[PDB]
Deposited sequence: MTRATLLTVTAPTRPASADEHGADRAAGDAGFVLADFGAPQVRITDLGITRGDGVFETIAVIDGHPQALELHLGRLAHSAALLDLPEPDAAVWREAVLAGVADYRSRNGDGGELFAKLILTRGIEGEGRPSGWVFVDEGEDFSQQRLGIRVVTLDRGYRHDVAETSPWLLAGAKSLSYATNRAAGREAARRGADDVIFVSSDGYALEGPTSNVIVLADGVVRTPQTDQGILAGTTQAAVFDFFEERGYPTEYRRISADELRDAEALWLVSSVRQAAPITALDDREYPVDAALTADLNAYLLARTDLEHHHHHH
(Lines of atoms letter the chains of each structure in order from A and count residues from 1; the text may use other names and numbers.)
(Lines give C-alpha, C1' and ligand atoms only; values in the text may rest on other atoms or scores of the structure.)
Protein backbone atom coordinates (compact mmCIF):
# COMPACT_ATOMS: atom_id res chain seq x y z
CA UNK A 1 0.00 0.00 0.00
CA UNK A 2 2.84 2.39 0.86
CA UNK A 3 5.09 3.65 -1.95
CA UNK A 4 8.85 3.41 -1.46
CA UNK A 5 11.50 5.00 -3.67
CA UNK A 6 15.22 4.28 -3.43
CA UNK A 7 17.19 7.46 -4.14
CA UNK A 8 20.32 6.39 -6.03
CA UNK A 9 21.70 9.92 -6.46
CA UNK A 10 20.84 11.56 -3.11
CA UNK A 11 23.75 14.03 -2.91
CA UNK A 12 25.96 16.38 -4.99
CA UNK A 13 29.73 15.55 -5.18
CA UNK A 14 18.61 11.37 -18.41
CA UNK A 15 18.65 9.18 -15.31
CA UNK A 16 15.90 10.02 -12.80
CA UNK A 17 18.10 9.37 -9.75
CA UNK A 18 15.56 7.21 -7.91
CA UNK A 19 13.70 3.95 -8.47
CA UNK A 20 10.58 2.29 -7.11
CA UNK A 21 11.26 -0.40 -4.50
CA UNK A 22 9.18 -2.78 -2.37
CA UNK A 23 8.12 -1.07 0.88
CA UNK A 24 7.31 -4.39 2.55
CA UNK A 25 10.69 -6.02 1.82
CA UNK A 26 13.88 -5.13 3.72
CA UNK A 27 15.79 -2.27 2.09
CA UNK A 28 18.57 -1.13 4.48
CA UNK A 29 21.89 -2.91 4.96
CA UNK A 30 22.61 -3.93 8.54
CA UNK A 31 25.74 -1.73 8.44
CA UNK A 32 23.98 1.34 7.08
CA UNK A 33 25.15 4.09 9.43
CA UNK A 34 21.52 5.17 9.56
CA UNK A 35 20.73 2.19 11.77
CA UNK A 36 24.02 1.29 13.47
CA UNK A 37 24.60 4.90 14.56
CA UNK A 38 21.41 6.86 13.80
CA UNK A 39 23.65 8.97 11.54
CA UNK A 40 21.30 10.64 9.09
CA UNK A 41 18.71 13.36 8.67
CA UNK A 42 15.06 13.24 7.68
CA UNK A 43 12.04 15.30 6.72
CA UNK A 44 8.32 14.52 7.04
CA UNK A 45 6.04 16.27 4.53
CA UNK A 46 2.24 16.32 4.59
CA UNK A 47 0.47 15.54 1.31
CA UNK A 48 -3.13 16.81 1.25
CA UNK A 49 -5.31 16.21 -1.82
CA UNK A 50 -2.11 15.23 -3.64
CA UNK A 51 -0.21 18.44 -2.84
CA UNK A 52 2.91 18.38 -0.64
CA UNK A 53 2.70 21.16 1.93
CA UNK A 54 5.73 23.44 2.37
CA UNK A 55 7.75 21.30 -0.04
CA UNK A 56 10.49 23.88 -0.68
CA UNK A 57 10.95 24.77 3.00
CA UNK A 58 11.18 21.06 3.80
CA UNK A 59 13.80 20.47 1.10
CA UNK A 60 15.76 23.50 2.28
CA UNK A 61 15.69 22.18 5.85
CA UNK A 62 16.92 18.77 4.69
CA UNK A 63 19.95 20.60 3.29
CA UNK A 64 20.29 22.55 6.53
CA UNK A 65 20.12 19.37 8.62
CA UNK A 66 22.59 17.65 6.31
CA UNK A 67 24.97 20.61 6.65
CA UNK A 68 24.80 20.42 10.46
CA UNK A 69 25.96 16.77 10.29
CA UNK A 70 28.67 17.37 7.64
CA UNK A 71 26.71 15.28 5.16
CA UNK A 72 27.09 16.11 1.46
CA UNK A 73 24.58 18.54 0.05
CA UNK A 74 21.28 16.87 -0.96
CA UNK A 75 20.45 17.04 -4.67
CA UNK A 76 17.35 19.23 -4.37
CA UNK A 77 16.11 18.45 -7.90
CA UNK A 78 16.23 14.69 -7.28
CA UNK A 79 14.58 14.79 -3.86
CA UNK A 80 11.91 17.08 -5.31
CA UNK A 81 11.07 14.75 -8.18
CA UNK A 82 11.16 11.71 -5.88
CA UNK A 83 8.58 13.22 -3.52
CA UNK A 84 6.33 14.07 -6.46
CA UNK A 85 6.81 10.68 -8.12
CA UNK A 86 6.01 8.82 -4.91
CA UNK A 87 2.82 10.77 -4.27
CA UNK A 88 1.86 10.15 -7.90
CA UNK A 89 2.56 6.45 -7.51
CA UNK A 90 0.57 6.20 -4.29
CA UNK A 91 -2.46 8.05 -5.66
CA UNK A 92 -2.56 5.98 -8.84
CA UNK A 93 -2.72 2.73 -6.86
CA UNK A 94 -4.64 3.64 -3.70
CA UNK A 95 -6.57 6.40 -5.45
CA UNK A 96 -7.49 9.61 -3.72
CA UNK A 97 -8.37 9.52 -0.05
CA UNK A 98 -7.15 10.77 3.30
CA UNK A 99 -4.15 12.72 4.49
CA UNK A 100 -0.84 11.30 3.26
CA UNK A 101 2.79 12.05 4.01
CA UNK A 102 6.20 11.66 2.41
CA UNK A 103 9.16 10.76 4.62
CA UNK A 104 12.65 11.58 3.32
CA UNK A 105 15.59 9.71 4.84
CA UNK A 106 19.23 10.56 4.07
CA UNK A 107 22.04 8.67 5.84
CA UNK A 108 25.80 8.68 5.69
CA UNK A 109 25.51 5.30 3.98
CA UNK A 110 26.97 1.83 4.35
CA UNK A 111 29.91 1.94 6.72
CA UNK A 112 33.18 2.23 4.83
CA UNK A 113 31.84 3.19 1.38
CA UNK A 114 31.65 7.00 1.60
CA UNK A 115 28.36 6.80 -0.35
CA UNK A 116 25.28 8.24 1.41
CA UNK A 117 21.89 6.51 1.26
CA UNK A 118 18.44 7.90 0.58
CA UNK A 119 14.83 6.83 0.60
CA UNK A 120 11.42 8.39 0.13
CA UNK A 121 8.25 6.60 1.10
CA UNK A 122 4.65 7.81 0.92
CA UNK A 123 1.89 6.45 3.14
CA UNK A 124 -1.39 7.28 4.82
CA UNK A 125 -0.87 8.96 8.17
CA UNK A 126 -2.09 8.23 11.67
CA UNK A 127 -5.49 9.68 12.59
CA UNK A 128 -5.11 12.93 14.53
CA UNK A 129 -8.80 13.90 14.75
CA UNK A 130 -8.83 13.64 18.54
CA UNK A 131 -5.41 15.22 19.03
CA UNK A 132 -6.55 18.24 17.00
CA UNK A 133 -9.26 18.86 19.63
CA UNK A 134 -6.93 18.64 22.60
CA UNK A 135 -3.85 17.06 24.15
CA UNK A 136 -2.31 17.01 27.61
CA UNK A 137 1.35 17.90 27.96
CA UNK A 138 4.20 17.92 30.45
CA UNK A 139 7.39 19.93 30.47
CA UNK A 140 10.62 17.93 30.63
CA UNK A 141 14.24 18.95 31.09
CA UNK A 142 16.21 18.52 27.87
CA UNK A 143 19.55 18.78 29.68
CA UNK A 144 21.02 21.26 27.22
CA UNK A 145 21.26 24.99 27.73
CA UNK A 146 19.27 27.15 25.33
CA UNK A 147 22.52 28.25 23.66
CA UNK A 148 24.06 24.82 22.91
CA UNK A 149 23.83 25.42 19.17
CA UNK A 150 26.16 28.43 19.49
CA UNK A 151 28.73 26.98 21.92
CA UNK A 152 28.68 23.27 21.01
CA UNK A 153 27.61 22.54 17.41
CA UNK A 154 28.81 18.92 17.65
CA UNK A 155 25.71 18.29 19.80
CA UNK A 156 23.57 18.67 16.65
CA UNK A 157 20.87 20.71 18.41
CA UNK A 158 18.43 21.97 15.79
CA UNK A 159 19.13 19.20 13.26
CA UNK A 160 16.32 16.89 12.22
CA UNK A 161 18.43 13.79 12.73
CA UNK A 162 17.73 10.08 12.74
CA UNK A 163 19.00 9.97 16.37
CA UNK A 164 15.64 10.44 18.11
CA UNK A 165 15.87 7.82 20.87
CA UNK A 166 15.62 10.58 23.48
CA UNK A 167 12.70 12.24 21.67
CA UNK A 168 10.88 8.91 21.84
CA UNK A 169 11.95 8.44 25.45
CA UNK A 170 10.28 11.79 26.21
CA UNK A 171 6.95 10.58 24.82
CA UNK A 172 7.05 7.50 27.03
CA UNK A 173 7.71 9.57 30.16
CA UNK A 174 4.73 11.77 29.22
CA UNK A 175 2.44 8.75 28.83
CA UNK A 176 3.56 7.44 32.23
CA UNK A 177 2.28 10.79 33.57
CA UNK A 178 -1.06 10.53 31.76
CA UNK A 179 0.01 13.09 29.13
CA UNK A 180 0.05 12.88 25.33
CA UNK A 181 3.14 14.96 24.56
CA UNK A 182 6.02 17.05 25.85
CA UNK A 183 7.39 20.55 25.79
CA UNK A 184 11.15 20.51 26.41
CA UNK A 185 12.69 23.15 28.68
CA UNK A 186 16.36 24.02 28.58
CA UNK A 187 18.45 23.44 31.68
CA UNK A 188 18.52 27.23 32.17
CA UNK A 189 14.73 27.39 32.09
CA UNK A 190 13.63 28.34 28.56
CA UNK A 191 10.83 26.76 26.55
CA UNK A 192 12.26 25.07 23.46
CA UNK A 193 10.19 22.65 21.39
CA UNK A 194 8.30 19.40 21.54
CA UNK A 195 9.95 16.08 20.61
CA UNK A 196 8.29 16.20 17.20
CA UNK A 197 6.73 19.67 17.10
CA UNK A 198 7.09 23.35 17.92
CA UNK A 199 5.18 25.25 20.61
CA UNK A 200 2.88 28.22 19.93
CA UNK A 201 2.02 30.58 22.80
CA UNK A 202 -0.86 33.08 22.89
CA UNK A 203 0.05 35.57 25.63
CA UNK A 204 -0.78 39.26 26.09
CA UNK A 205 -2.72 38.97 22.83
CA UNK A 206 0.48 38.00 20.96
CA UNK A 207 1.22 34.72 19.16
CA UNK A 208 4.73 33.73 20.22
CA UNK A 209 7.14 30.88 19.61
CA UNK A 210 10.64 30.17 20.94
CA UNK A 211 13.32 31.72 18.75
CA UNK A 212 14.79 29.26 16.27
CA UNK A 213 18.46 29.77 17.29
CA UNK A 214 17.93 28.00 20.66
CA UNK A 215 18.95 24.63 19.24
CA UNK A 216 15.48 23.75 17.90
CA UNK A 217 13.89 23.20 14.52
CA UNK A 218 12.53 26.12 12.56
CA UNK A 219 9.14 24.53 12.06
CA UNK A 220 7.42 24.65 8.70
CA UNK A 221 4.05 24.25 10.37
CA UNK A 222 5.00 26.96 12.85
CA UNK A 223 5.79 29.36 10.01
CA UNK A 224 2.39 28.64 8.46
CA UNK A 225 0.71 29.18 11.84
CA UNK A 226 2.25 32.66 11.84
CA UNK A 227 0.89 33.43 8.37
CA UNK A 228 -2.57 32.36 9.55
CA UNK A 229 -2.48 34.62 12.61
CA UNK A 230 -0.89 37.56 10.79
CA UNK A 231 -3.59 37.52 8.11
CA UNK A 232 -6.24 37.20 10.82
CA UNK A 233 -4.79 40.21 12.68
CA UNK A 234 -2.85 38.85 15.67
CA UNK A 235 0.71 40.14 16.13
CA UNK A 236 3.43 37.48 16.00
CA UNK A 237 6.84 37.35 17.67
CA UNK A 238 9.91 35.12 17.86
CA UNK A 239 11.12 35.24 21.44
CA UNK A 240 12.93 33.59 24.29
CA UNK A 241 10.09 32.23 26.45
CA UNK A 242 10.81 31.17 30.01
CA UNK A 243 9.27 28.12 31.64
CA UNK A 244 7.20 30.45 33.82
CA UNK A 245 5.82 32.51 30.91
CA UNK A 246 4.63 29.18 29.50
CA UNK A 247 2.25 28.49 32.36
CA UNK A 248 1.05 32.13 32.40
CA UNK A 249 0.01 32.03 28.74
CA UNK A 250 -3.63 32.30 27.67
CA UNK A 251 -3.42 29.27 25.34
CA UNK A 252 -0.94 26.84 23.81
CA UNK A 253 -0.50 24.60 20.78
CA UNK A 254 2.01 22.09 19.50
CA UNK A 255 2.33 22.20 15.73
CA UNK A 256 4.01 19.91 13.19
CA UNK A 257 3.62 18.82 9.58
CA UNK A 258 1.46 15.72 9.89
CA UNK A 259 -0.54 16.37 13.09
CA UNK A 260 -0.93 20.09 12.22
CA UNK A 261 -2.27 22.14 15.18
CA UNK A 262 -2.90 20.34 18.48
CA UNK A 263 -4.28 22.61 21.24
CA UNK A 264 -3.05 22.07 24.79
CA UNK A 265 -5.82 21.54 27.36
CA UNK A 266 -3.43 20.87 30.24
CA UNK A 267 0.26 21.65 30.82
CA UNK A 268 1.74 19.86 33.84
CA UNK A 269 -1.82 19.24 35.07
CA UNK A 270 -2.78 22.94 35.10
CA UNK A 271 -5.81 23.39 32.83
CA UNK A 272 -5.90 25.67 29.81
CA UNK A 273 -8.97 26.82 27.88
CA UNK A 274 -9.09 25.66 24.26
CA UNK A 275 -10.86 27.96 21.82
CA UNK A 276 -12.44 25.22 19.68
CA UNK A 277 -13.55 27.55 16.89
CA UNK A 278 -10.20 29.33 16.59
CA UNK A 279 -8.24 26.08 16.47
CA UNK A 280 -10.72 24.61 13.97
CA UNK A 281 -10.09 27.61 11.72
CA UNK A 282 -6.35 27.15 12.18
CA UNK A 283 -6.50 23.46 11.26
CA UNK A 284 -8.78 24.20 8.32
CA UNK A 285 -6.18 26.68 7.08
CA UNK A 286 -3.23 24.36 7.70
CA UNK A 287 -5.01 21.52 5.87
CA UNK A 288 -6.03 23.67 2.91
CA UNK A 289 -2.82 25.57 2.21
CA UNK A 290 -1.08 25.82 -1.20
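Taking the first deposited residue as 1, the stretches without any C-alpha atom are 1-2, 16-27, 305-313.
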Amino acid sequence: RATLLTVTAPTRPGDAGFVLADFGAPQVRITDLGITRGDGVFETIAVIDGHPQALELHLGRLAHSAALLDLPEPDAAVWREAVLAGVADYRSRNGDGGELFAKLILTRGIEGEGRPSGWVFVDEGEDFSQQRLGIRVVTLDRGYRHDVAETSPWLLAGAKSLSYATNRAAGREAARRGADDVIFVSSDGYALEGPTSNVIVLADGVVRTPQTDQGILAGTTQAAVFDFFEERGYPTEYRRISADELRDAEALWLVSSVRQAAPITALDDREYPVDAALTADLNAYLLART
From here on, numbers count along this sequence of modelled residues.
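As the entry records it, the average C-alpha temperature factor is higher for 240-248, out of 240-248 and 217-225. Higher mean CA B-factor, judged across 102-110 and 174-182 from the recorded values: 174-182.
Listed residues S117, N94, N198, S163 were ranked by CA B-factor as deposited; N94 comes out on top. Ranked by C-alpha B-factor against the other modelled residues of its chain, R132 falls in the middle third. When all modelled residues of the chain are sorted by CA temperature factor, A203 is found within the highest third.
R142: CA B factor in the highest third of modelled residues in this chain (values from the PDB entry).
Sort the modelled residues of the chain by CA B factor and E193 lands in the lowest third. Sorting the modelled residues of the chain by their CA temperature factor places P52 in the middle third.
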